[PDB]
Novice: 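Okay, here's the structure, questions in a sec.
Hydrogens, waters and symmetry mates play no part in the numbers below; they use all other heavy atoms, side chains included. Indexing begins at 1, ligand by ligand and atom by atom, following the structure's order. Per chain, numbering begins at 1; letters A, B, ... match sequence-line order.
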Protein chains: 4
Amino acid sequence: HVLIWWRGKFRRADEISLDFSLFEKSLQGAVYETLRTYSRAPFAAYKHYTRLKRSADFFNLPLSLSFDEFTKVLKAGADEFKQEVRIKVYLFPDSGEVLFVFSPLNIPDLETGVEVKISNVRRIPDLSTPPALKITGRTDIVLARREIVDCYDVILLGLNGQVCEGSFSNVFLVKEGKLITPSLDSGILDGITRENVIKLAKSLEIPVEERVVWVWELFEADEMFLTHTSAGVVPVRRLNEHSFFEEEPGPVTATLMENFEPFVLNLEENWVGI
Amino acid sequence: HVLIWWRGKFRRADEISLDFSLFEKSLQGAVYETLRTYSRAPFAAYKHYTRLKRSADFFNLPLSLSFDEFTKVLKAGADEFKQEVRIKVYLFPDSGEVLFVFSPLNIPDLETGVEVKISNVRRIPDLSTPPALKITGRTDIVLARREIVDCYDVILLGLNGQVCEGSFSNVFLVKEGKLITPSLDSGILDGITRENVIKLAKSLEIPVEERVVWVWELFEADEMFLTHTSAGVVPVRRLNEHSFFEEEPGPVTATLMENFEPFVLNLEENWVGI
Amino acid sequence: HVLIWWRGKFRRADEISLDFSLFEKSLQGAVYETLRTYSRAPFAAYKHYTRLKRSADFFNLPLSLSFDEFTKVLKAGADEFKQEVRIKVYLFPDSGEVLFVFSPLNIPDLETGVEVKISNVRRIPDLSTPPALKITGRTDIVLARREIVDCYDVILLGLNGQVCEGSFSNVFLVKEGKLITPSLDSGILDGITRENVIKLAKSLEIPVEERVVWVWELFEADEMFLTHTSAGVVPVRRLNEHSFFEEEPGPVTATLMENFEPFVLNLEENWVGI
Amino acid sequence: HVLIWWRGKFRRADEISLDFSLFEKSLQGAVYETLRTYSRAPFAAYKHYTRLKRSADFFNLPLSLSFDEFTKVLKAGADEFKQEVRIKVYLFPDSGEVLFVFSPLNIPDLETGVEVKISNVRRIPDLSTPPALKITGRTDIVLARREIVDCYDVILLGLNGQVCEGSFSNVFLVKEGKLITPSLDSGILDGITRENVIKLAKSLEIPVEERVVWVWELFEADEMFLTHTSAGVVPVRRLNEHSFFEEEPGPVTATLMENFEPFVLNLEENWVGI
Ligand SMILES: Cc1ncc(COP(=O)(O)O)c(C=O)c1O
Ligand SMILES: Cc1ncc(COP(=O)(O)O)c(C=O)c1O
Ligand SMILES: [Cl-]
Ligand SMILES: [Cl-]
Ligand SMILES: [Cl-]
Ligand SMILES: [Cl-]
């Protein structure tokens with residue numbers, strides 16, 4: 001049950017009709033964002049809109065849609081499901097055409113923790129590409145996602161062995177009661193889930209450090225977890241062959257994931273304009 | 001007047017209907033190769049086929065068309081024009097689908113030379129993406145293309161300041177009668193025209209060095225030129241604000257240009273199977 | 001005519017008697033500073049003392065000498081010459097022993113400009129060694145100085161091709177009337193002559209930019225010059241095979257070098273405690 | 001009780017008088033090699049001579065002593081002790097002067113294993129200094145030595161996070177019965193003990209891989225050990241906070257240790273010319 005909004009109308013996601021020149025050009029990549037709903041309301045819509053604009057600015061391609069129109073399509077689309085939706089928004093090169101894809105959000109039970117592995121792909125450094133450019137063809141993320149076989153996500157290190165992030169998530173570790181996450185200067189995407197978790201940690205009086213984190217610190221951590229739009233906080237039970245836990249996520253991870261949804265649902269900055 | 005070949009037949013390049021999920025996946029990029037025709041015969045076809053296979057093998061992707069079938073599509077499409085054509089070939093990871101785009105080759109007289117600039121985008125390091133991978137979404141090329149404002153092409157350096165390539169071309173310099181070009185070890189996208197010019201130079205007993213070339217050597221060169229499929233040898237009259245000439249290129253470039261077409265068009269290795 | 005201060009007494013520089021264990025240990029390097037005199041008064045004595053302390057702190061080896069004692073030895077030593085002196089100060093590992101070497105400053109006529117060349121040695125990056133550690137055995141500076149054969153100094157680029165500095169000087173360029181010099185974040189030593197020249201440029205209403213400077217900008221510059229303790233402002237007439245001028249240094253360089261000595265002789269921060 | 005050989009004769013290592021300018025130049029560093037004796041006979045003398053020549057050749061420095069003269073000084077000095085000795089050999093660039101330092105080898109029982117830590121100093125890149133250059137002032141080793149506080153040695157990684165070496169040792173890991181060690185291509189100072197252990201492993205049919213080793217593999221290893229001249233094979237019981245064992249090393253390390261002395265002492269290549 002997949003719905004799309006394309007060229008002014010909602011539509012079935014069986015076939016797509018587009019100008020051939022747009023298709024050939026889209027092979028160079030589309031700028032994009034992913035959203036989910038809570039109670040069928042689009043989450044962090046304004047935050048995602050401004051990130052989209054920022055990705056679009058790395059090309060002086062202005063955004064065609066207003067925030068007001070963006071929210072209108074998001075809400076009309078989500079309203080056609082009796083269930084939470086995942087929403088992908090693509091902005092196309094030169095044309096400025098926008099495509100929304102709505103599909104049911106089927107989020108699994110991750111209380112037992114996931115497996116992650118160190119990627120063979122290093123994150124592209126700033127001198128080659130801005131880390132915050134969310135574009136569909138960027139080869140670090142394209143090549144790294146193809147490595148996800150017997151794990152949930154792969155961890156991209158930067159060129160010097162600093163922890164950057166997962167192929168579709170941000171990384172946090174816990175050590176001696178402190179919540180530690182790579183700084184934006186490590187060369188990472190400023191995830192919206194990450195941002196919310198940092199604020200939640202502070203509201204719970206958990207100490208937080210945003211800094212350069214070296215790969216070997218993950219192997220000495222008391223806890224590790226991932227953050228991304230669809231799932232929120234995702235506990236990591238094993239990195240490569242290194243287990244953090246057997247059954248229960250660690251205590252800092254557990255408090256953050258139980259408090260995540262109530263905290264973000266009542267933080268106004270995640271609901272502006274909706 | 002664009003013609004395409006897609007899913008078993010030739011079509012007008014006006015609009016295209018695609019399986020929607022194919023379209024979505026195509027946004028991650030296609031493996032690509034470009035050819036042109038001389039006398040409406042596709043040039044260096046076998047060489048271009050084997051190079052395409054090389055990038056396809058990186059993704060464990062078999063070519064759905066044999067060399068023989070490949071040449072049949074190329075000849076068939078080129079025969080529909082009353083003029084020389086540019087042909088772009090796209091190969092899609094996992095699906096193995098092939099897309100050909102034929103268009104009129106409009107080739108200007110560039111004897112007078114072009115302007116080029118040093119790009120602000122460094123070639124993606126080998127730890128992040130193979131330098132020789134011809135995938136349409138690679139962000140070094142994509143972002144470097146957007147800097148082409150008052151110039152012909154821009155020059156991408158590697159992280160260390162060595163010369164790699166232009167955004168659509170290979171780079172050659174001449175210093176004290178030697179033809180010098182970045183080695184494959186410099187981490188480059190190597191085009192067939194580059195190899196052809198190297199062989200031409202050797203046949204004329206012009207010394208050739210394929211080595212690491214530092215950016216500042218471009219600024220001290222006696223002559224500089226670009227190579228690419230559609231235009232062959234393109235003299236550079238100016239790099240940033242640094243002039244090489246005002247009217248006509250130097251002796252080594254001029255000799256290479258005047259001998260290029262006679263030499264490459266009479267070499268059997270460029271016509272195998274056509 | 002070379003004088004030394006060693007183990008509490010002034011001495012002839014023919015022989016030196018030291019504990020063998022100190023000699024073996026000194027093969028690992030001594031922290032050091034170089035000074036010159038104006039009117040036989042030690043220049044920027046306090047500035048050099050604090051840099052020495054900072055180099056010493058990269059080892060938690062505290063400085064044995066007080067500033068007051070430092071100035072006392074500097075002045076007593078300089079007072080024994082009827083001529084300006086060059087002064088080298090070495091601080092030795094673990095022991096904290098200090099050695100001063102006084103020799104006549106024989107400064108040549110550099111009004112005609114000097115030749116410099118790009119070094120084959122890249123400046124050691126911060127992850128390997130702090131750029132501000134002035135130690136006698138650091139291999140970037142040791143290896144680069146051995147390259148000075150038919151030039152005055154060699155220019156060390158950083159790992160990415162940014163201009164860092166000369167083997168014993170800092171680098172400035174002039175472009176469209178702006179004075180431009182590598183920022184400290186480029187990974188360089190904060191030279192005391194450099195600092196004074198930046199202040200002098202500002203006092204003369206010359207615009208100054210401290211930023212990342214890429215190697216190719218030197219080849220497009222209107223003017224280039226070096227700064228170091230012994231000589232002050234040193235005009236560069238040629239970089240590699242690229243001439244900036246034939247006879248006369250450019251106008252910005254010329255104003256700075258004529259105004260340098262009067263400016264620094266009347267700036268109190270260069271004379272504190274003397 | 002230190003004995004030295006300097007300028008044609010053996011001397012007490014109490015005080016030393018030097019030509020002052022020699023001393024000043026010695027502060028830039030010496031090429032070095034270390035040996036020990038078994039039964040008061042200098043071990044792997046020819047191997048150590050040829051390695052010294054290799055670093056000396058980098059500076060176009062001929063060895064002032066022939067192999068035969070070298071062995072005479074080594075035997076003569078070792079014969080003055082009633083005990084095994086450590087011998088350090090220093091060679092000075094340009095002058096070609098040689099300094100030998102003989103001292104009692106006091107060798108502890110390290111069967112129980114040592115503690116090591118990951119250093120905060122990255123191995124100097126190849127663009128700045130050759131990785132295999134054994135010069136006493138190299139700042140990666142000098143600064144890494146100062147971190148040895150509550151541990152035996154620290155581990156230097158390269159800029160990319162690969163394992164290179166300890167500050168005075170080579171690094172080996174064991175994983176699934178394979179002995180793994182950084183390749184020469186990783187950019188390392190290769191010691192003679194490393195080569196001897198590799199040959200020992202092969203003679204015992206233990207599989208050996210010389211390859212690029214990433215830091216995190218140390219944290220997942222079954223066993224880890226160091227090699228260096230004075231101690232041979234040194235088991236690592238703990239890396240940072242990560243324990244490998246509490247009482248005795250694993251089977252591969254234990255076998256290598258128990259077979260080391262019998263094997264290396266009965267190999268003619270380690271005794272040529274003695
Ligand atoms: C590389 C990368 N890192 C992190 C994220 C997570 O960011 P957010 O929390 O906004 O979903 C994403 C988005 O999925 C991403 O693609
Ligand atoms: C590498 C390096 N850069 C720059 C300088 C110049 O600094 P200052 O102006 O304090 O002499 C020096 C000192 O000679 C140096 O060794
Ligand atoms: Cl142009
Ligand atoms: Cl750049
Ligand atoms: Cl220990
Ligand atoms: Cl580090």
Novice: Residues two or more places apart in sequence or in another chain: which of them pass ring pair (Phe, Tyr, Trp, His ring centres under 6.0 Å) with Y49(C)?
Specialist: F67(C), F70(C)
Novice: What residues, two or more places apart in sequence or in another chain, satisfy ring pair (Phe, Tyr, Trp, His ring centres under 6.0 Å) together with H228(A)?
Specialist: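 With sequence neighbours excluded, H228(A) shows a ring pair (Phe, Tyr, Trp, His ring centres under 6.0 Å) to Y152(A), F168(A), given in chain and number order.
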Novice: Suppose we screen for ring pair (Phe, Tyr, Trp, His ring centres under 6.0 Å). Which residues come up paired with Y38(C), at least two apart in sequence or across chains?
Specialist: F43(C)
Novice: Which word best sums up how the rings of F102(C) and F100(C) line up, parallel for under 30°, tilted for 30 to 60°, or perpendicular for over 60°?
Specialist: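 Geometry flag for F100(C) against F102(C): parallel rings.
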Novice: Give the protein residues with at least one non-hydrogen atom closer than 4.0 Å to an atom of ligand 2, ordered by chain and number.
Specialist: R51(C), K134(C), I141(C), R145(C), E165(C), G166(C), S167(C), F168(C), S169(C), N170(C), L189(C), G191(C), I192(C), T193(C), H228(C), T229(C)
Novice: Taking the six-membered ring for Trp and the single ring otherwise, decide whether the centroids of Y46(A) and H48(A) are under 6.0 Å apart.
Specialist: no
Novice: Looking at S167(A) and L156(A), what are the two nearest heavy atoms and their distance?
Specialist: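 It is N-CD1, 3.6 Å.
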